[PDB]
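Asks: Shown below is the structure under consideration.
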Amino acid sequence: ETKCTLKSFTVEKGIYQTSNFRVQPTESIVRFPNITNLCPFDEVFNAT
Amino acid sequence: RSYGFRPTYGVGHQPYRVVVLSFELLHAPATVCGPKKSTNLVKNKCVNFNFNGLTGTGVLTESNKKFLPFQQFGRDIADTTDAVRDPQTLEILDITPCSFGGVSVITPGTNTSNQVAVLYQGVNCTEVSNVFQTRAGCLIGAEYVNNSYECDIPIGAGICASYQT
Amino acid sequence: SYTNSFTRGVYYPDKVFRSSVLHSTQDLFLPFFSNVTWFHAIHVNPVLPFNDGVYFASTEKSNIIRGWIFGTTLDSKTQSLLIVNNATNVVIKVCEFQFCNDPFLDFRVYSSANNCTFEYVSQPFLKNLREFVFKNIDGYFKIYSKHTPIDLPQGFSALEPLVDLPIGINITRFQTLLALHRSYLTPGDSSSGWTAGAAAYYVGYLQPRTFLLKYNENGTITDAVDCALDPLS
Ligand SMILES: *[C@@H]1O[C@H](CO)[C@@H](O)[C@H](O)[C@H]1NC(C)=O
Ligand SMILES: *[C@@H]1O[C@H](CO)[C@@H](O)[C@H](O)[C@H]1NC(C)=O
Ligand SMILES: *[C@@H]1O[C@H](CO)[C@@H](O)[C@H](O)[C@H]1NC(C)=O
Ligand SMILES: *[C@@H]1O[C@H](CO)[C@@H](O)[C@H](O)[C@H]1NC(C)=O
Ligand SMILES: *[C@@H]1O[C@H](CO)[C@@H](O)[C@H](O)[C@H]1NC(C)=O
Ligand SMILES: *[C@@H]1O[C@H](CO)[C@@H](O)[C@H](O)[C@H]1NC(C)=O
Ligand SMILES: *[C@@H]1O[C@H](CO)[C@@H](O)[C@H](O)[C@H]1NC(C)=O
């Protein structure tokens, strides 16, 4: 990777920065309020 | 005309109830929306969190800040989001960015040998053969010798590396 | 009558928590040391225009001011809004209602024709100073409110957001509803017939200003600076 970054097949003595490390997320979470305000859809559809 | 529901008549004269739904979209201060919450929660590890929008990535932990009743999320200087109120249980959670940092390769040069040691800058390797922690980060692949020598390759915080031979 | 306004009239701009941060926000605010209209309710309620923003203040104890009405033309040919603070709960209505020229809604003679579109209910709002701020920049009527026990003091106070109605009607003319104790239930008079308490309400027209707000450690505003008031500010 150091070779690939320097764009050369030979590397001299030293310290070289090559890439970045970052922990990838594990899973996704979605949060919303207590959505319970339902309309009278059923009360209208089942009306006599 | 009278339906007259006897078993004599056919299928084309049966009492089918029907309903049709129509929708309006112009001039939308949206007040209706179908999709429910469909929520999920987990903490103590990096997750793609969505709190009434506010899409971001990070780890959620227990916070100690005292939000006001009407505040939903907070920010630090430079407008970085630090905390979010869980819309379900109203708990204030602290958001911390996931652990990341640049990695540098300590090399004595292909002229000498192919050995290499990697330095994770600023990372505490408690969360990612010899593993050694220094003020500049964590150094993997190099052993800490207690004999002091001249600095060959500077790592940082008064520590350097070199090929022993 | 007109009266000068102290640092009062500030509110939380965007519902974000900030601790020990000086935030500069450019929005509709009440200019500091500005003259606001001062009217008495124990005498004389003419129709007053509703500009980009309105800051309503009330120094009352016997809840003489009971509600507000709004609308584009204040007639049935257009949409309108009504707010009433009953002792049990607040009643908010968007009905294009046809208000009379003097809605003495103690009687219930505030309007003649009504056919509603949108409603809302919650706990009621209420010697006591009550500060309200009405905002209609977007298709939603924002109501900020604050209540303080004590003229307008020189202290600091930040109004918190109370209600957010998602309605996109025009707000251009507004009037306040009076609830005198014992007077004839007819529009033949205005705020008379009974010795109504000393009720004074102030009207302030907000302007686009840049305010520098100071947040304390607990996320509440403690001081504000108007960048257009003084060269030092
Ligand atoms: C949502 O419901 C849960 C369980 O019924 C309850 O614990 C929580 O307090 C509720 N939150 C709100 C905001 O109503
Ligand atoms: C390889 O060449 C470099 C460049 O001069 C030098 O520093 C290093 O000592 C050399 N190593 C060997 C083993 O010759
Ligand atoms: C790394 O984490 C350990 C465990 O929490 C701690 O003892 C140590 O001081 C940390 N070192 C650095 C450099 O952060
Ligand atoms: C340097 O000293 C430390 C502390 O005693 C020890 O753990 C380490 O093995 C020593 N290094 C070498 C190369 O012996
Ligand atoms: C709302 O409509 C009324 C009726 O024509 C008009 O007088 C007023 O200027 C309008 N206000 C806005 C903000 O469009
Ligand atoms: C109510 O009546 C007005 C006329 O008085 C009319 O313009 C409006 O469409 C009616 N319906 C609603 C929901 O306002
Ligand atoms: C924040 O509130 C707590 C609890 O009321 C109080 O102890 C603390 O002094 C407050 N912070 C400031 C800066 O006054």
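Residues 298-345, in that order, are what chain A shows, numbered as in Swiss-Prot.
This entry, so its header tells us, was determined using electron microscopy, 3.3 Å.
Placed from the backbone N, Cα and C atoms, the Cβ positions cover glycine too.
Pasting the relevant annotations from Swiss-Prot:
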{"type": "CARBOHYD", "residues": "A:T323", "note": "O-linked glycosylation site"}
{"type": "CARBOHYD", "residues": "A:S325", "note": "O-linked glycosylation site"}
{"type": "CARBOHYD", "residues": "A:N331", "note": "N-linked glycosylation site"}
{"type": "CARBOHYD", "residues": "A:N343", "note": "N-linked glycosylation site"}
{"type": "REGION", "residues": "A:319-335", "note": "region 'Disordered'"}
Asks: With CB distance below 8 Å as the criterion, list the glycosylation sites among A:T323, A:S325, A:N331, A:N343 that sit near chain C.
Replies: none
Asks: Based on DSSP, tally up the residues of the region 'Disordered' (A:319-335) by helix, strand and coil.
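Replies: Helix/strand/coil tally for the region 'Disordered' (A:319-335): 0 helix, 6 strand, 11 coil.
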Asks: Provide, as an integer number of angstrom, the distance between the C-alpha atoms of A:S325 (O-linked glycosylation site) and A:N331 (N-linked glycosylation site).
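Replies: That comes out at 19 Å between the alpha carbons.
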